[PDB]
Structures are given as structure tokens and as C-alpha cells.
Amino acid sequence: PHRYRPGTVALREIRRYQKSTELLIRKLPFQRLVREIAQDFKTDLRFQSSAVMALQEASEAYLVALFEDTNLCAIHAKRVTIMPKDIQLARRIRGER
């Protein structure tokens, strides 16, 4: 019976996803959300396939960079665990709040 310690697979994952460039959110659920949010602005919209892709690329680049700032915020408080207050601090300082 075999067991890797907590954080061991995490590091393995960091290295894996930092090596690659594929999108990390499944496309369909992302698309539905996009259309839902769009429905509040105008009804009966269609979307170029590439348009959703653009939004996904943009949204994933944004969240990945936010997690970097979030992680610096956590580490600044001498933790290794990211918490909502880390996200909050990052966004407040980025000028998004």
C-alpha cells in the first residue's frame, strides 16, 4: 500500500502545468457561463467559436496571474495556504476593488 505525502503531488502538479499551455477549464461549462452572463446584456446572442476561445484564454491568463499575486500575499503572511483574504488583498492592491 503506497502513499505520497501532502504537497508532494501538489509540487508535481505545479511543474506539470507550468510546463504546458493547454486550457485548464473544460470548454463546455465555460461556454455556458459566458452565454449566461451575456444573456443579461442582450438576448438571443450567438458566439463565434474563436470569440469564446479568446474569452477563455483571457480569463485563464487573468486567474493564473491572480493566483501568483495571491500566493505572494499568503507567503507575506507566513502561510503556504492561499485564502480568500489573500485574493482580496491582491485585488485591492491591483486596483480592482
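Don't overthink the numbering: it's just position in the shown sequence, from 1.
- Note on 10 to 18 vs 71 to 79: mean CA B-factor is higher in 10 to 18.
- Look at the C-alpha B-factors of 83 to 91 and of 19 to 27. On average they run higher in 19 to 27.
- Ranked by Cα temperature factor within the chain, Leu66 sits in the lowest third according to the deposited record.
- Placement of the Cα temperature factor of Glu36 within the chain: middle third of the modelled residues, per the deposited record.
- Ranked within its chain, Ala58 lands in the lowest third, by CA B factor from the PDB record.
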